[PDB]
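**Q** Attaching a single structure in structure tokens format; questions to follow.
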Amino acid sequence: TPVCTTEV
Amino acid sequence: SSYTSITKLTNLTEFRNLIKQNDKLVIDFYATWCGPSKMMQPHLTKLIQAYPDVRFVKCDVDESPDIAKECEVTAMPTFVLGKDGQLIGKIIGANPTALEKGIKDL
């Protein structure tokens, strides 16, 4: 994958 | 210089001033734990050397959440591009090709 997402 | 040697932003005023004071700019928003952001470090080093007319800096989203928020950074890596005093672009993701195209257009 090419992204790290962050859900806060 | 390199990814290791560029300025790491830690303050909002510093961040704002940076936009005002640099004709061409790139900010690498990253996280120390993110694999994709880690993968882009060698690429950034190449780009820094390749485009000396552009100011490259980095920001740790965990360390400086206020700055990240200001740029609406939800994912990493996010490269924010600035021209002539204002922010004008984003490349979201570890895409070296898209990133270089963006830098070339500054």
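Each chain of the structure tokens is named A, B, ... in the order shown, its residues numbered from 1; ligands are numbered from 1 in display order.
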Using only C-alpha atoms, which residues sit within 6 Å of segment 28-38 of chain B once same-chain residues fewer than 3 positions away are excluded, as a list in words?

**A**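 Answer for this query is residues 2 and 3 of chain A; 41, 58, 59, 60, 61, 76, 77, 78, 79 and 94 of chain B.
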
**Q** Output N, CA, C and O atoms for every residue in the selection just made, as a PDB file, in the first residue's frame.

**A**
```pdb
ATOM      1  N   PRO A   2       0.271   2.388  -0.355  1.00  0.00           N
ATOM      2  CA  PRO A   2       1.035   3.610  -0.424  1.00  0.00           C
ATOM      3  C   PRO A   2       0.571   4.665   0.530  1.00  0.00           C
ATOM      4  O   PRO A   2       1.088   5.742   0.436  1.00  0.00           O
ATOM      5  N   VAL A   3      -0.388   4.364   1.390  1.00  0.00           N
ATOM      6  CA  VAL A   3      -0.846   5.310   2.386  1.00  0.00           C
ATOM      7  C   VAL A   3      -1.208   4.710   3.730  1.00  0.00           C
ATOM      8  O   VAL A   3      -1.616   3.580   3.840  1.00  0.00           O
TER       9      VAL A   3
ATOM     10  N   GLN B  41      11.567   8.132   2.026  1.00  0.00           N
ATOM     11  CA  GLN B  41      12.707   8.898   2.454  1.00  0.00           C
ATOM     12  C   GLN B  41      13.843   8.926   1.428  1.00  0.00           C
ATOM     13  O   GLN B  41      14.352   9.967   1.163  1.00  0.00           O
ATOM     14  N   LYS B  58      10.096  18.796   6.461  1.00  0.00           N
ATOM     15  CA  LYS B  58       9.285  17.690   6.922  1.00  0.00           C
ATOM     16  C   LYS B  58       8.614  18.000   8.248  1.00  0.00           C
ATOM     17  O   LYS B  58       9.074  18.814   8.972  1.00  0.00           O
ATOM     18  N   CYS B  59       7.513  17.342   8.516  1.00  0.00           N
ATOM     19  CA  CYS B  59       6.755  17.495   9.736  1.00  0.00           C
ATOM     20  C   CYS B  59       6.197  16.157  10.227  1.00  0.00           C
ATOM     21  O   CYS B  59       5.580  15.439   9.494  1.00  0.00           O
ATOM     22  N   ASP B  60       6.404  15.857  11.490  1.00  0.00           N
ATOM     23  CA  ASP B  60       5.936  14.637  12.103  1.00  0.00           C
ATOM     24  C   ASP B  60       4.561  14.929  12.603  1.00  0.00           C
ATOM     25  O   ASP B  60       4.397  15.732  13.456  1.00  0.00           O
ATOM     26  N   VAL B  61       3.576  14.255  12.057  1.00  0.00           N
ATOM     27  CA  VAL B  61       2.195  14.476  12.436  1.00  0.00           C
ATOM     28  C   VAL B  61       1.900  14.167  13.905  1.00  0.00           C
ATOM     29  O   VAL B  61       1.073  14.784  14.501  1.00  0.00           O
ATOM     30  N   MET B  76      -0.714   9.648   5.494  1.00  0.00           N
ATOM     31  CA  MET B  76       0.686   9.857   5.302  1.00  0.00           C
ATOM     32  C   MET B  76       1.287   8.840   4.345  1.00  0.00           C
ATOM     33  O   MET B  76       0.873   7.744   4.339  1.00  0.00           O
ATOM     34  N   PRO B  77       2.294   9.227   3.584  1.00  0.00           N
ATOM     35  CA  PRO B  77       2.787  10.597   3.584  1.00  0.00           C
ATOM     36  C   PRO B  77       1.951  11.564   2.770  1.00  0.00           C
ATOM     37  O   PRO B  77       1.383  11.155   1.808  1.00  0.00           O
ATOM     38  N   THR B  78       1.896  12.820   3.164  1.00  0.00           N
ATOM     39  CA  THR B  78       1.231  13.851   2.407  1.00  0.00           C
ATOM     40  C   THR B  78       2.257  14.927   2.126  1.00  0.00           C
ATOM     41  O   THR B  78       2.902  15.424   3.012  1.00  0.00           O
ATOM     42  N   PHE B  79       2.386  15.271   0.869  1.00  0.00           N
ATOM     43  CA  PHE B  79       3.320  16.282   0.482  1.00  0.00           C
ATOM     44  C   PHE B  79       2.536  17.518   0.088  1.00  0.00           C
ATOM     45  O   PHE B  79       1.743  17.483  -0.804  1.00  0.00           O
ATOM     46  N   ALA B  94       2.621   7.535  -1.271  1.00  0.00           N
ATOM     47  CA  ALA B  94       3.994   7.335  -1.653  1.00  0.00           C
ATOM     48  C   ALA B  94       4.057   7.075  -3.143  1.00  0.00           C
ATOM     49  O   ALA B  94       4.162   5.960  -3.568  1.00  0.00           O
TER      50      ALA B  94
END
```

**Q** Segment 13-56 of chain B: which residues are strand (DSSP E or B) by DSSP, as JSON, numbers by chain?

**A** {"B": [24, 25, 26, 27, 28, 29, 30, 55, 56]}

**Q** Check the smallest atom-to-atom distance from each of B:106, B:9, B:74, B:65 to residue 4 of chain A using only C-alpha atoms, then report the winner.

**A**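 Using only C-alpha atoms, residue 4 of chain A sits closest to B:74.
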
**Q** What is the atom CA of residue 95 of chain B to atom CA of residue 43 of chain B distance in Å?

**A**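 Here the two named atoms are 9.6 Å from each other.
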
**Q** Kindly give the distance, in Å, that separates atom CA of residue 96 of chain B and atom CA of residue 14 of chain B, rounded to a single decimal.

**A**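 Separation of atom CA of residue 96 of chain B and atom CA of residue 14 of chain B: 26.7 Å.
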
**Q** Using DSSP secondary structure from the backbone, list all helix (DSSP H, G or I) positions within chain B, as an NGL selection string.

**A** :B and (12-21 or 35-39 or 41-50 or 65-70 or 96-104)

**Q** Name the residues in contact with residue 24 of chain B at a cut-off of 12 Å, using only C-alpha atoms, excluding same-chain residues fewer than 6 positions from it; report them as a PyMOL selection string.

**A** chain B and resi 18+51-57+80-89+102-106

**Q** For each of B:92, B:25, B:98, B:44, take the minimum atom-to-atom distance to chain A, counting only C-alpha atoms, then give the residue where this is smallest.

**A**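 Under the stated criterion, the closest residue is B:92.
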
**Q** Can you tell me which residues surround residue 66 of chain B at a distance of at most 10 Å, considering only C-alpha atoms, apart from same-chain residues fewer than 5 positions away, and format the answer as a PyMOL selection string?

**A** chain B and resi 10-12+61+71-72
